[PDB]
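Protein chains: 6
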Amino acid sequence: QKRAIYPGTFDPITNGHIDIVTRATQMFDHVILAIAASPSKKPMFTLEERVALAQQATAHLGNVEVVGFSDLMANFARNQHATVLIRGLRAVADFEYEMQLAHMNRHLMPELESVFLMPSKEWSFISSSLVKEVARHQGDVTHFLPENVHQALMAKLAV
Amino acid sequence: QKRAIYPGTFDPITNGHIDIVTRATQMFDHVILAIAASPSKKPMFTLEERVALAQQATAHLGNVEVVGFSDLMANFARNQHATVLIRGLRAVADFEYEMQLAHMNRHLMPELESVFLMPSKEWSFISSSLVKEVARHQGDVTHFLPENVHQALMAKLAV
Amino acid sequence: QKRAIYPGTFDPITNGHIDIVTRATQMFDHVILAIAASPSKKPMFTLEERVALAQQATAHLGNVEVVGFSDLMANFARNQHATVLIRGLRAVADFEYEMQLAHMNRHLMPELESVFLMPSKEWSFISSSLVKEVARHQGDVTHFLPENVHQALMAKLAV
Amino acid sequence: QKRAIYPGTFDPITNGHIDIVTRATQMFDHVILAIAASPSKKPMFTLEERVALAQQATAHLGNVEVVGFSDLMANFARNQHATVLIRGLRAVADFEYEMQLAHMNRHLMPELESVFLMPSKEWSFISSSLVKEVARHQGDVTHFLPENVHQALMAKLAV
Amino acid sequence: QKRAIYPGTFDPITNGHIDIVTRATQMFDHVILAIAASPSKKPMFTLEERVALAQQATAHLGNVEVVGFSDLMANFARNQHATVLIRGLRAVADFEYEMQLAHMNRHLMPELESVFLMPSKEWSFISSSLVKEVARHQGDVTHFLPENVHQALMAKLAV
Amino acid sequence: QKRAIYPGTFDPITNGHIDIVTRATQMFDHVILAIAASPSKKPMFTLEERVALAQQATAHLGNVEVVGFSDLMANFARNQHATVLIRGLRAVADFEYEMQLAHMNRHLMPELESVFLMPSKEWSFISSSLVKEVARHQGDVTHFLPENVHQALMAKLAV
Ligand SMILES: Cc1ccc2nc(NCc3cc(C)nn3C)[nH]c2n1
Ligand SMILES: Cc1ccc2nc(NCc3cc(C)nn3C)[nH]c2n1
Ligand SMILES: Cc1ccc2nc(NCc3cc(C)nn3C)[nH]c2n1
Ligand SMILES: Cc1ccc2nc(NCc3cc(C)nn3C)[nH]c2n1
Ligand SMILES: Cc1ccc2nc(NCc3cc(C)nn3C)[nH]c2n1
Ligand SMILES: Cc1ccc2nc(NCc3cc(C)nn3C)[nH]c2n1
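Chains as they are written, first to last, in this note's numbering: chain A, 12 to 170; chain B, 12 to 170; chain C, 12 to 170; chain D, 12 to 170; chain E, 12 to 170; chain F, 12 to 170.
See below:
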């Protein structure tokens, strides 16, 4: 009965994201992994690609649902009947931005609670941006990505 | 079903704590507000006082239980069959210490998840320490405390 | 006789800016709200639009003067006979950047003092960028903008 | 016309404090350098010593007044008819605590504005605590102190 | 026998960079100042220009070698037989990013040690970006750049 | 040839310290692990205990020398003919204090360079203080300590 949304750009989904969504499914009955189209960020992968990659990478988790969206995130939460919004916290920089976003989301949807999870030590220093930057210079990022995502990233960069 | 602990010194409990525990009760079935018995620095209020004040200030929340404890937070969570540890996040100093505690707690009790909540803007700058310091120097702290705590703090400082 | 400048991009001016400039006029005899053309930031509103919006939003403050500029900000301060440069401080990120800018400005104009004000709790989490991002997704930002600015933002996004 | 207070422990006053108060005197008509009487941690110098040292070190500034006080900072500002409270900002730890104090002071005395000034690069890493710690361990701190304070600190440490 | 690499975009090299590389040559036998082509950052100066500017600005240091590169930085370190990677640390923002990069580099090349140096007070607030921004508005940046670099920057902006 | 000091309280030495000193020995010819004799806060272990524990835990490193000292760090470095002072960096709180210490040490001993190293992800959240606090509250800290220190800490806490 408790529904949570885990929103992000997931360009592409990393093992840090897999850790966060896994921890969310151990707390809440149903977790919506919500992939924002994010045209302003000029993503490497299309929304359809990101959704497909995330679906395969989370297929082993029975209470996850992957959906793409372009809406205001508070409206999308309401429309999914979610009362929790999950964010992962890595460093001070995101923490300050996440605090601003959480105050804005509270204004837009007061009954949506933002809950923050801290990453595992293994993934505390990675981001999609850092992984792409390493891969673009032909550095090994197999440790940081689900197998299907790593294959897709190698293929994208080969073109 | 889902059991969460909200540990702290609560010396005394403030409206920032009430905000956090209220948010936790809207997320989880049962919330244990856990008051540490023997703080490193001699608290202004005794454990018995802190428990009584917190019980009165949370009596309106049906799924809160106020309990004193003298153990390691993770040992207490384990014995209470809690799978969520609630922490409030106010500033950067908070975030960095909390990250260290969360990594340590994951080592001590892997089946315990640390969840971080953000206070309302109204309470994001207060702490029990700041309220006590202002009150001891004859400043107005009525806005930041439950009525019963306001009364108890005035009585303490009058002697 | 004490003249202060409050510089920024003001794209568009928000209620956080209104709070800062209002507080500045309670401290200093004359405040110049100085709007930088900022072509490098590709602003949503033209400089003329930003100046007009800020003029209307501050018309109730008798000792404010709104001016657009493209100059080095230390030169513009000197040319306005200002000895104080006002900046609002929201989080750690701007604080560090503001410290760098203040040291550079001190090098360029040693007699120009940078003074920093802290925002009201109400506006401590907003920025022009965040308001635009919410509005672009059709979220309600009426609370955060002067009425004339909100109308102009809705109209801009309608085209 | 404009009255400002610059409160602190000044145990002892350093060249960083002299820098801040000098900058304040170039901004405001009258600056009260306000020395707290009963610090939480037993100061190295008595209140009478700290006041005498600060008076000598600021005697060349015609619009500074050095005063001891034992009250809440806002209560003292109010009774001194000050409308500006001066704080120096050095690092991130400074900024976060100062933000909390400023929000509290706005609650306690809405007609008091908190103004933050930045030290010269020369003094941005010093504090009375660091200077005392270096001096007690037989390090050279002459550069960081007014001559009279250097003399008084050497005498204190010799006994 | 101890070889260190000091990588960066150096667009253009500043006196802060000169300070760091000078300190590195006092610690290590041979220092490679490694200039990344950095097309993603759309540099003002071409790689060949940046290399030539850095060579002239470090010609007085006998154990510095300036080289341009487009490789993964861990691979370039290995190929230069370097076991130390030098980074300068200015503020909290770079510190957090540098920590992420250092953890990634440790994954890619475990025997490459990242060592961080703190800048002189004189250069603690400057960056290539800030210097370019000031120069683009015709502000004086002679204090912050080697003579040859300042001439080249003035000439670039004159076109 | 190159002599470095690694100063600290080491109360007790942890695996984070072992990591840092091991990294330092791979960079410099001789590393002095320097244990401060009279900490500001009464250490859990006496100086003789801390030195013996650190000697045993570093006996496998051929170019480490464990020495107690009661002086200013810079005075000790100078007398040991060290030109490098090693510090470990864990978080933002670490970074800001270390920046202040490094600027002061450059004032006290210009020929001493401060070098900052980053701990493995495995140890980036631990400190002697956190380990002691967990152990005194009956938590498992075996993973974070050399075996000899684990034994000594258990014995200390048993009495
Ligand atoms: C309060 C607030 C601020 C910015 C927002 N952007 C959106 N929608 C798009 C979106 C959601 C996510 C996640 N990523 N992206 C690009 N909703 C917002 N809500
Ligand atoms: C990981 C960790 C670190 C310190 C700890 N202290 C405790 N218990 C005592 C305690 C808890 C609170 C709240 N206050 N006090 C005094 N448990 C801990 N767990
Ligand atoms: C020391 C320094 C650094 C950057 C500068 N940019 C300018 N002028 C343009 C400007 C001013 C403001 C406000 N916004 N913008 C875009 N003056 C500068 N001064
Ligand atoms: C909001 C706030 C918080 C703490 C306060 N302490 C005081 N007065 C005592 C004081 C001032 C200084 C400087 N040092 N000392 C000991 N006024 C306060 N106001
Ligand atoms: C771990 C990691 C992350 C990003 C990387 N980018 C590169 N090569 C290009 C590069 C090196 C420098 C310095 N600047 N630039 C643009 N190597 C990387 N290694
Ligand atoms: C610049 C500076 C600041 C404080 C200092 N304290 C010392 N020596 C005493 C000391 C060193 C360590 C480690 N622990 N303890 C107690 N040297 C210092 N240098």
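Cβ coordinates follow ideal geometry from the N, Cα and C atoms, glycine included.
Can you confirm whether residue i, when its beta carbon is compared against all beta carbons of chain F, has any partner nearer than 7 Å?
| i | result |
| --- | --- |
| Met84 (chain E) | no |
| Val145 (chain A) | no |
| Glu124 (chain E) | yes |
| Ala93 (chain E) | no |
| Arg34 (chain E) | yes |
Between which two residues does the beta strand (DSSP E) holding residue i run?
| i | result |
| --- | --- |
| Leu96 (chain A) | 95 to 99 |
| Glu124 (chain A) | 124 to 128 |
Please confirm whether residue i has its beta-carbon closer than 7 Å to some beta-carbon of chain B.
| i | result |
| --- | --- |
| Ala104 (chain F) | yes |
At a Cβ threshold of 7 Å, is residue i touching chain D?
| i | result |
| --- | --- |
| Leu44 (chain F) | no |
| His154 (chain F) | no |
| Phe136 (chain B) | yes |
| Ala113 (chain C) | yes |
| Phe21 (chain C) | no |
Please classify residue i as buried or exposed, where buried requires at least 16 neighbouring CB atoms within 10 angstroms.
| i | result |
| --- | --- |
| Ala166 (chain D) | exposed |
| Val152 (chain B) | buried |
| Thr25 (chain D) | buried |
| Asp22 (chain B) | buried |
| residue 9 (chain E) | Any answer about residue 9 (chain E) is impossible in this case: the structure gives chain E only from 12 up to 170. |
| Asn74 (chain F) | exposed |
| residue 6 (chain F) | As displayed, chain F neither begins before 12 nor continues past 170, which places residue 6 (chain F) out of reach and without an answer. |
| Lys143 (chain B) | buried |
| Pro50 (chain C) | exposed |
May I ask you to report which of helix, strand or coil DSSP gives residue i?
| i | result |
| --- | --- |
| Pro18 (chain A) | strand |
| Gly79 (chain A) | strand |
| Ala70 (chain C) | coil |
| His41 (chain C) | strand |
| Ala47 (chain B) | strand |
| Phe56 (chain A) | coil |
| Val152 (chain D) | coil |
| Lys143 (chain D) | helix |
| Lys13 (chain A) | coil |
Within the 7 Å Cβ cut-off, does residue i reach chain A?
| i | result |
| --- | --- |
| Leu58 (chain E) | no |
For the alpha helix (DSSP H) that contains residue i, what are its first and last residues?
| i | result |
| --- | --- |
| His114 (chain C) | 103 to 119 |
| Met84 (chain B) | 84 to 90 |
| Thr33 (chain D) | 26 to 36 |
| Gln162 (chain F) | 158 to 169 |
Could you tell me whether the Cβ of residue i comes closer than 7 Å to any Cβ of chain C?
| i | result |
| --- | --- |
| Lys132 (chain B) | yes |
| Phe80 (chain D) | no |
| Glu158 (chain A) | no |
| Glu107 (chain A) | yes |
| residue 210 (chain D) | The first residue shown for chain D is 12 and the last is 170, placing residue 210 (chain D) beyond what the model contains. |
Between residue i and chain E, is the shortest Cβ-Cβ distance under 7 Å, so that the two count as touching?
| i | result |
| --- | --- |
| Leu119 (chain C) | yes |
| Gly150 (chain A) | yes |
| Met165 (chain F) | no |
| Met55 (chain F) | no |
**OP:** Mind listing which residues have their beta carbon within less than 7 Å of any non-hydrogen atom of ligand 6? Chain order is fine.
**Re:** That gives D:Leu141, D:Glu144, D:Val145, D:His148, D:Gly150, F:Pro18, F:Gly19, F:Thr20, F:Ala47, F:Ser49, F:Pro50, F:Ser51, F:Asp82, F:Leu83, F:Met84, F:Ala85, F:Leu112, F:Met115, F:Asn116, F:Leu119.
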